[PDB]
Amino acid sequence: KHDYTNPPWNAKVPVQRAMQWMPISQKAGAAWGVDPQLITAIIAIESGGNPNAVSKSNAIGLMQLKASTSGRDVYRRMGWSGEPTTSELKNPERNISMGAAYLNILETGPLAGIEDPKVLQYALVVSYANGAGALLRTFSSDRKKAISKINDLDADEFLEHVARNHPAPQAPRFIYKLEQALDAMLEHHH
């Protein structure tokens, strides 16, 4: 039902800029066990590689972290009180390293025990934007059953499900731009 491929989106230039940061993304991905291509994909989608991007919501920087939510979440994962400042989120290394942490948090928490890497990946990008909870809720009210129900799908049926079930239009959209972004990235030798 969500017309999620319209308009088309040219990954080239936003991935090009995102790729500026790939050395950090490589290090960040490595440290947190996150696919560096995913990190770069997210940077390209959320900020188009612009480290000073700032949303209506006051989400900040390359990976559009919000200090009160994902910021706070990552601070607690590291044993820290409080939230990162705006200033620290505009730092490209701290920002990316924090997005990586946050992706790791989603993978080892809300989304734990997804089998297929590719669905996992799609789940991450939709969770990252519009929240793991809202995603699971589209399957079932109980987490464990929603996850069993996700493992009964392959990536394309997952995308179909998000397209028809997720309230947020940007959820399936992100999966489309993920794939455009991964395509642009084959033109960059690791």
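For every residue, the number given is its place in the sequence shown, counted from 1.
**Student:** Given the B-factors recorded for C-alpha atoms, which segment has the greater mean, 120 to 128 or 148 to 156?
**Tutor:** Comparing averages over the C-alpha atoms only gives 148 to 156.
**Student:** Tell me which stretch, 66 to 74 or 136 to 144, has the higher mean Cα B-factor listed in the entry.
**Tutor:** It is 136 to 144 that shows the higher mean C-alpha B-factor.
**Student:** Compare the C-alpha B factor of residue 109 with those of the other modelled residues in its chain, then answer lowest, middle or highest third.
**Tutor:** Its C-alpha B-factor belongs to the lowest third of this chain's values.
**Student:** Relative to the other modelled residues in the chain, which third contains the C-alpha temperature factor of residue 14: lowest, middle or highest?
**Tutor:** Lowest third of the chain for residue 14's C-alpha B-factor.
**Student:** Looking at the C-alpha B-factor of residue 47, is it in the lowest, middle or highest third of its chain?
**Tutor:** Lowest third.
**Student:** Test of reading the entry: by CA B factor among the chain's modelled residues, which third contains residue 87?
**Tutor:** CA B-factor rank for residue 87: highest third.
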